[PDB]
Each structure stands twice: as structure tokens, then as C-alpha cells.
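This document starts with one chain, in the form deposited without the partner chain, laid out as C-alpha cells.
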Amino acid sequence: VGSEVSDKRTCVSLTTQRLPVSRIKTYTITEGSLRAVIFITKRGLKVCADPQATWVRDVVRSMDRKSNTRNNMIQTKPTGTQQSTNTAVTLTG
């Protein structure tokens, strides 16, 4: 009827809704216990699906092209640190 988490982050079930890539924007596939394919739509609705589906793998292939130059064709440059060394050796005598 009404309450919190009406959409959630991940999704609800696994597939069950073959959405057209045209209706999808970007996708996210995990390797962890999740190991699920997340499909994000231009509407902001993200759903998960099993990568065991060929139709999914097929759509995933396109999805890349759909969000080839939009998904995140960038990689910020974080900071690190630095290092150095010294020596000391003079002729003998």
C-alpha cells in the first residue's frame, strides 16, 4: 500500500521483464555473491537479471553500444604519495 523502499537499489526479482535496450540506459554486472546483471533505464529504474539468460547477454552486448560513450567513459585521477632514496660512497684511500 505504502512504505519505505518502494524501488530499492538492486531490484526485486531476477528478470521476468524483458525490457528493450532502447528503454535501457546503462548496465552493471557484479562478480560477487550478487553476480547479477543490473539494467538502468533512462527513467532511473534499475533492475537485476540473471546472466544465465542468452537474451540478457545479447542485450548486454548492445547495452554497451547504447552506453558506450555515456556510461562512464572517464576515470578520475586520484592522489597517491611519493618516494625517494639516497646514497653515500666515496673513493677509498
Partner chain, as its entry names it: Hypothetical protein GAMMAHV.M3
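Positions refer to the first chain, counted from 1.
The same protein also has a form solved in complex with the partner chain, omitted here; what follows describes it.
Colleague: So, in the deposited complex, is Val60 in contact with the partner chain at a 4.5 angstroms heavy atom limit?
Modeller: It does not: once the partner chain is placed as it appears in the deposited complex, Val60 has no heavy atom within 4.5 Å of it.
Colleague: Using a 4.5 Å heavy atom cut-off, state whether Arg65 contacts the partner chain in the deposited complex.
Modeller: Output for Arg65 is no: heavy atoms all beyond 4.5 Å of the partner chain.
Colleague: Can you name the residues of 23-60 that have a non-hydrogen atom within 4.5 angstroms of the partner chain in the deposited complex?
Modeller: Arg23, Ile38, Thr41, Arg43, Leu45, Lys46, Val47, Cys48 sit within 4.5 Å of the partner.
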